[PDB]
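Structure record follows, encoded as structure tokens.
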Amino acid sequence: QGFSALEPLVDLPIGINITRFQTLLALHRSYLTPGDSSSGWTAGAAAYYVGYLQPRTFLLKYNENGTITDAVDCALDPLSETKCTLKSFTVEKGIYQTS
Amino acid sequence: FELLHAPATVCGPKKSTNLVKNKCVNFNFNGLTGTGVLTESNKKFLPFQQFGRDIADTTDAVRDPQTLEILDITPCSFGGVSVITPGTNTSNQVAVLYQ
Amino acid sequence: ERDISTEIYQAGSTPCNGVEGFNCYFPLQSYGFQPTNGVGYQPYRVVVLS
Amino acid sequence: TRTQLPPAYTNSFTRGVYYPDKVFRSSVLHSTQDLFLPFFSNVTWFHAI
Amino acid sequence: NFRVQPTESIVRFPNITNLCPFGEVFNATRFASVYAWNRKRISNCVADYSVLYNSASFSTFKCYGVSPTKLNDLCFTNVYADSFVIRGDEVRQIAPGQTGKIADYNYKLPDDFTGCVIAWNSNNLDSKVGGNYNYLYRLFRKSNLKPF
Amino acid sequence: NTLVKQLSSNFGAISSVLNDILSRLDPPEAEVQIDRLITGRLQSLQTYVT
Amino acid sequence: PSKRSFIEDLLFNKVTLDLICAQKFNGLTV
Ligand SMILES: *[C@@H]1O[C@H](CO)[C@@H](O)[C@H](O)[C@H]1NC(C)=O
Ligand SMILES: *[C@@H]1O[C@H](CO)[C@@H](O)[C@H](O)[C@H]1NC(C)=O
Ligand SMILES: *[C@@H]1O[C@H](CO)[C@@H](O)[C@H](O)[C@H]1NC(C)=O
Ligand SMILES: *[C@@H]1O[C@H](CO)[C@@H](O)[C@H](O)[C@H]1NC(C)=O
Ligand SMILES: *[C@@H]1O[C@H](CO)[C@@H](O)[C@H](O)[C@H]1NC(C)=O
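Structure representation (structure tokens):
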């Protein structure tokens, strides 16, 4: 449940169109059979997670050095909507206006 | 040549001039233009940061593309001018004031 | 503003000063007009009133 | 190796925030609009070997 | 009101230029055939034409559709280059959409062509008292080639 | 604060940077963008003063 | 040195006020 920030690494100027992708697994060849990698082998229990993205409006809090420490998603729930309405991570009593 | 099938990636390096400071001058930082005086800074940028901001349309720090140095921008001194008069009905003297 | 007389054009490094040598050019060209020339190359006549 | 099985789902909770620009700021709150991963999402998990 | 006028201008860039080569297509121990002139694409190279244009001892150089003095001021992508050797009399008959011998028909340029043409003398490399029979060319050709 | 933030809107022009417009277009074509920007900023100033 | 009464000091401390440089970017002044 912790919070972390993701840095920019590279921006390659390629310009080709991408619509599908596929991962590459480093297969281990248990070279005890004459069928090479087309035969009996063994490896670990690797797995991974893939998620997609959609356009959203986010509120970001910068600390005193310049690293993001907490973010608020605008379209989550009424508290999130109010906290996005006025720039603050804390709100006081009353009645507030939204979309 | 080919005509804009991809982002531009082939052209000259452009000539840089020696760095000067302590007197407010025009500047160009390959993406930043304007006029101001450049002073030594005390903030610490992240390694991948280029230029800082304080509020909308406010640039407060620029990273040197040569030596990775942080410089602070301060606009040239300016202000309105006013004239103090005892009225031409009596005499002709002025006490010009800078604000 | 009109340009009159002629000047020895200098596009190189060393000033030719009338030598007309390397990278040195004469800033003038002469048109070539013939009946067989195309319409796009035809010598039209233009007058401007201000 | 055609032994099939359906995938599994989890929550993203609050991960997936990245610096959108090269701009640096200090002790301020910034509002932006861009592509992100919505919190508490529907994420696939490929444990099939 | 008043303001203090600026007195100077400064422009900054990183020292690293990454000038990936250009000269390898201009100096070489071998040159491509006239009928099969080689074409090479160059990308992500920083142009350095300012010094190669003015001071490189090029007898013939001419740009169409652009001013050489500003060639360093604008950026392109994937610059294409060629290289071959011809005779002294064949340089004049090289032009965009220019007709000549059927050998000249083996190379063409677009009617609306923007670029530059380079041709420098070499009268001591390919010239031999016994003759130059090693390098062969086309003179009786039935087919004409397209621009570039 | 609102007033200053008003300076960061293009008002329907190509960009909100004054020098950028002059640095990428001919003056007879840049004048219309300059006029749009002037109109927008003037209206904002009027609202603030009122 | 700033001769004031005790309650005036409490009043001053209970009200809390660069922005001026941001205005100087645009000619605004105080
Ligand atoms: C910020 O930078 C200072 C040094 O400039 C460092 O001591 C500190 O650990 C950093 N992080 C925070 C949260 O202050
Ligand atoms: C100021 O002007 C009035 C009339 O214009 C005149 O009577 C008066 O003498 C003037 N003041 C002085 C000091 O002379
Ligand atoms: C995400 O959606 C799927 C249905 O598409 C649902 O089964 C799953 O429970 C959701 N995620 C979580 C963490 O509940
Ligand atoms: C720029 O100049 C400095 C000063 O000598 C040098 O150390 C550096 O390698 C040069 N290049 C870059 C990219 O900073
Ligand atoms: C090729 O190398 C020779 C050897 O000095 C040099 O004179 C010539 O300018 C080079 N051609 C280029 C760099 O295009």
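As you go down the protein sequences, you meet chains A, B, C, D, E, F and G in turn. Just so you know, we're using PDB author numbering here: the first sequence kicks off at 218 and counts up by one. Just so you know, we're using PDB author numbering here: the second sequence kicks off at 515 and counts up by one. Just so you know, we're using PDB author numbering here: the third sequence kicks off at 465 and counts up by one. Just so you know, we're using PDB author numbering here: the fourth sequence kicks off at 20 and counts up by one. Just so you know, we're using PDB author numbering here: the fifth sequence kicks off at 317 and counts up by one. Just so you know, we're using PDB author numbering here: the sixth sequence kicks off at 960 and counts up by one. The seventh sequence maps to residues 812 to 828, 848 to 860 in PDB author numbering. Every residue gets a Cβ at the ideal spot worked out from N, C-alpha and C, and that includes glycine.
One residue list follows from the rule of a beta carbon closer than 5 Å to any heavy atom of ligand 5, given in chain order as E:339, E:342, E:343. The beta carbon of residue 315 of chain A lies closer than 8 Å to those of 295, 298, 299, 302 in the same chain, with the five residues before and after it left out. Contact between residue 524 of chain B and residue 363 of chain E is confirmed by a C-beta separation of about 6 Å, below the 8 Å threshold. Chain B has no Cβ within less than 7 Å of the Cβ of residue 817 of chain G.
For residue 387 of chain E, the three-state secondary structure derived from DSSP is helix.
Contact annotation: residue 353 of chain E and residue 400 of chain E have beta-carbon atoms nearer than 7 Å.
Between residue 420 of chain E and residue 409 of chain E, the C-beta gap is smaller than 7 Å, which places the two residues in contact.
For the pair residue 333 of chain E and residue 579 of chain B, the CB atoms are not nearer than the 7 Å cut-off.
Under DSSP, residue 379 of chain E shares a beta bridge with E:432.
Collapsing the DSSP output to three states places residue 853 of chain G in a helix.
For ligand 2, residues qualifying as neighbours are B:603, B:604, where qualification means a beta carbon closer than 5 Å to at least one of its heavy atoms (chain order). Taking 6 Å as the cut-off, the C-beta of residue 61 of chain D counts as close to a heavy atom of ligand 3.
Contact residues of the region 370-396 of chain E toward chain C are 370, 371 (C-beta to C-beta distance below 7 Å). With fewer than 16 other Cβ atoms inside 10 Å of its own Cβ, residue 509 of chain C counts as exposed.
Each residue's CA atom was taken as its position, placing residue 65 of chain D and residue 985 of chain F some 57 Å apart.
A direct Cα-to-Cα measurement between residue 503 of chain C and residue 496 of chain C gives close to 13 Å. When C-alpha distances from residue 461 of chain E are compared across E:414, E:440, E:447, the shortest belongs to E:414. Contact annotation: the region 566-576 of chain B touches the region 41-50 of chain D, with at least three C-beta pairs closer than 8 Å.
Among the CB atoms of chain F, none fall inside 7 Å of the CB of residue 520 of chain B. In this structure, residue 556 of chain B has its beta carbon at no less than 6 Å from each heavy atom of ligand 1. Taking 6 Å as the cut-off, one finds no heavy atom of ligand 3 near enough to the beta carbon of residue 269 of chain A. Taken through DSSP and simplified to helix, strand or coil, residue 1006 of chain F comes out as helix. When DSSP states are grouped into helix, strand and coil, residue 542 of chain B belongs to the strand group. Counting only Cβ-Cβ distances below 7 Å, residue 564 of chain B has contacts in chain D at 41, in chain order. The three-state secondary structure of residue 50 of chain D, taken from DSSP, is strand. Taken residue by residue, none of the region 526-554 of chain B has a beta-carbon sitting less than 9 Å from a beta-carbon on chain D. Across the region 569-584 of chain B, CB contacts with chain F closer than 7 Å involve 569, 570, 571, in sequence order along the chain. Distances between the C-beta of residue 266 of chain A and the heavy atoms of ligand 3 are all 6 Å or more. Non-local beta-carbon contacts of residue 962 of chain F in its own chain, meaning distances under 6 Å to residues more than five positions away in sequence, involve 1007 in chain order.
Ranking E:432, E:394, E:423 by CA distance to the CA of residue 357 of chain E puts E:394 first. What residue 48 of chain D touches in chain A, judged by beta-carbon distance under 8 Å, is 276, 277, 278, 279, 304, 305, 306, going in chain order. Near ligand 4, meaning a Cβ closer than 6 Å to any of its heavy atoms, lie the following residues in chain order: B:580, E:330, E:331, E:332. In the three-state reduction of the DSSP assignment, residue 461 of chain E falls in the coil class, being assigned neither a helical nor a strand state.
Annotation: the continuous alpha helix (DSSP H) that includes residue 962 of chain F extends over 961-965. Among the residues of the region 219-240 of chain A, those with a Cβ less than 7 Å away from any Cβ of chain B are 224, 225, 230, 232, in the order of the chain.
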